[PDB]
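Numbering (UniProt numbering), first residue to last: 154 to 232. All C-beta atoms in this analysis are idealised placements derived from N, C-alpha and C, irrespective of residue type, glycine included.
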Amino acid sequence: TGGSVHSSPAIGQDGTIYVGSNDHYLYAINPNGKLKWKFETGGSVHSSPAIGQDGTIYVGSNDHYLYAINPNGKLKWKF
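See below:
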């Protein structure tokens with residue numbers, strides 16, 4: 154990742170690994186180590202992500218907002 158990470162990873166049901174980064178992204182990494190996608194948030198993601206029953210990924214951000222991201226990496230909403 155760019156920068157660093159004190160965010161703890163979370164695992165999806167398909168084995169995707171999600172982790173935030175100091176460079177402002179939430180990363181979705183495949184179990185083979187290859188990037189699936191990275192979602193651009195407004196600030197450093199030290200929050201650990203949580204995964205909903207439908208696969209939605211939730212993470213907090215140093216800016217305003219809890220983010221809800223679809224498994225395809227597209228914003229569902231920000232609070």
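Item                                                                                     : Value
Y218, DSSP secondary structure in three states                                           : coil
Which of helix, strand or coil DSSP assigns to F232                                      : coil
Strand pairing of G205, partner residues [DSSP]                                          : For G205, which the question treats as bridged, DSSP gives no partner whatsoever.
Bounding residues of the beta strand (DSSP E) (the contiguous stretch that carries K189) : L188 to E193
Any non-hydrogen atom of the ligand FMN within 7 Å of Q206 CB                            : This structure does not include the ligand FMN; it has no bound ligands of any sort.
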